[PDB]
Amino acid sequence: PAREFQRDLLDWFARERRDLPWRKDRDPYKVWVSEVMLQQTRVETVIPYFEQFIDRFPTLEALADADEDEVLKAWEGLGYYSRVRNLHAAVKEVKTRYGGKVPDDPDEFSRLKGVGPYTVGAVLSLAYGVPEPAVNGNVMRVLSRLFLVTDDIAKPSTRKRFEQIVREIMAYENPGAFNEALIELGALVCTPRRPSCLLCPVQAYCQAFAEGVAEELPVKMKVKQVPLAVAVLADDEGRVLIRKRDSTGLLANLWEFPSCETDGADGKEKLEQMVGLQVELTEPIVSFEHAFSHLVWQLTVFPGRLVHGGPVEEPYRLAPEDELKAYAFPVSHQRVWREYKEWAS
């Protein structure tokens, strides 16, 4: 019942779509950026980051020419930082290889870093009108209910099935609007919990509603604890010691206060050791937890004084207090410094 369906949806959308920052226009650059920021992040959280990110990087060219340090800083606190590392690379590519023009061909655009099945569809359909599916979490929840599909949405296979379902019901006339409508619906009406089926504009076509199982869909499956000792080294009144994390793995390329994964009870010994401009640490300042998707950091901050006996090399870099605000730190280490400041005062 395509046409019938892809009509009440596009209508509801027309009068119900939220005026979000990235919806001011259909510029591929703006769209691409927002589609990447919204991955595993709520709109409310993203809005401020988007305004800021665009003010700072108005065009793809600006983003491409932008240094990498500045880019991570604009993403500071958003999470899954590899998203911006990939976007920065993909953009640098679009300008050097495609003349600052975003490829409008699924195959071409899909080769860029960070661009997956969903992003290919989202950007190209919303910006260029390419009839490709834009299946994300919200969409799978909506489609699993409309068509009462019980396959584990976690399986790529399931996603593929859903992508097939979209190709057979999308308004090939206006794919872009059709793809957003489906997403808004999942964001505003067909919510994870307590879906507002009574107010939904496509209840007529929903099998899950007819069966009374809407709240049970979609179907999906269901971490490692890690002790971390952190050292805040301060100079004879001034600079503190920090280092740029490895470019691969956890919190890649972000700055942090020197630390070590004790994986046990090493403690101040572990940190005092890693030093090898030596130094010694005092008693802890505070211990707290910080969660990631796949692990939890049980942090322990250790105060300390630095004594210069050599140059600051390797990953390390000496930094004056008033300059820490220039470096991008994970939320975890932003608290390490917060706690530290409310300690010495």
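One rule holds for the numbers: they count along the sequence shown, beginning at 1.
S.K.: Using none, 1 to 3, 4 to 9 or 10 or more, say how many deposited residues go missing between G276 and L277.
M.R.: 4 to 9 residues lack coordinates between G276 and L277.
S.K.: Unmodelled residues of the deposited sequence between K222 and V223: none, 1 to 3, 4 to 9, or 10 or more?
M.R.: Per the record, 1 to 3 deposited residues are absent between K222 and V223.
S.K.: Looking only at CA atoms, which has the higher mean B factor in the entry: 14-22 or 322-330?
M.R.: Comparing 14-22 with 322-330, the higher mean C-alpha B-factor belongs to 322-330.
S.K.: Would you determine, from the values in the PDB entry, which of 135-143 and 103-111 has the greater average C-alpha temperature factor?
M.R.: Comparing 103-111 with 135-143, the higher average CA B-factor belongs to 103-111.
S.K.: Sort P48, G304, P28, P58 by C-alpha B-factor from the entry and give me just the highest.
M.R.: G304 has the highest C-alpha B-factor of those listed.
S.K.: So if I compare the CA B-factors in the entry for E261, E76, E93, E180, which one is the largest?
M.R.: Comparing C-alpha B-factors across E261, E76, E93, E180, the maximum falls on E261.
S.K.: For the chain shown, is the CA B-factor of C190 in the lowest, middle or highest third of its modelled residues?
M.R.: Lowest third - that is where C190 ends up once the chain's C-alpha B-factors are sorted.
S.K.: Comparing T158 with the other modelled residues of its chain, is its CA B-factor in the lowest, middle or highest third?
M.R.: It belongs to the middle third of the chain when residues are ordered by C-alpha B-factor.
S.K.: In terms of the chain's CA B-factor thirds, is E215 lowest, middle or highest?
M.R.: It belongs to the middle third of the chain when residues are ordered by C-alpha B-factor.
S.K.: Looking at the C-alpha B-factor of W297, is it in the lowest, middle or highest third of its chain?
M.R.: It belongs to the middle third of the chain when residues are ordered by C-alpha B-factor.
S.K.: Within this chain, which third does the Cα B-factor at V312 fall in: lowest, middle or highest?
M.R.: As the PDB entry reports it, the C-alpha B-factor of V312 lands in the highest third of its chain.
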